[PDB]
């Protein structure tokens, strides 16, 4: 029984701890948050055969912004531009092997944290907890 604590305190403490833990792990990679999001998007959609325009449309950013971000990632050798297998007139942007390994590394930070939490509860309890959390969030929005 933990009835002596407010929700505000519990949610603040939990959220603080998760952020601090994730941030300390992310600080070991020389990559910005926006670059991380870019690499993740490539991980999830590069099979589509992506142009810079596709990436801008997806990340909802302007062209020059996307150009800057791709330039830095390409310099770091985390992405590459390939010739397309079905249309040799075209090039696609995709991850390099090191880009793939990098995305899997920063995703595992988040997956490991989620699994630690999930393992504290039975499957039923986890489903009830997430449903109750979204109801609560909704009552604040």
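Numbering follows the first chain given and starts at 1.
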> Between 27-35 and 40-48, which has the larger average Cα B-factor in the PDB entry?
Replying inline: 27-35
>> Please compare 112-120 with 53-61 and name the stretch with the higher mean C-alpha B-factor in the deposited structure.
In response: 53-61
> Of the three thirds of its chain by CA temperature factor, lowest, middle or highest, which one includes residue 2?
Replying inline: middle
>> Using the temperature factors of the C-alpha atoms in this entry, rank residue 104 within its chain: lowest, middle or highest third.
In response: middle
> Thinking about Cα B factors across the chain, which third does residue 91 belong to?
Replying inline: lowest
> By its CA B factor, does residue 134 count among the lowest, middle or highest third of the modelled residues in the chain?
Replying inline: lowest
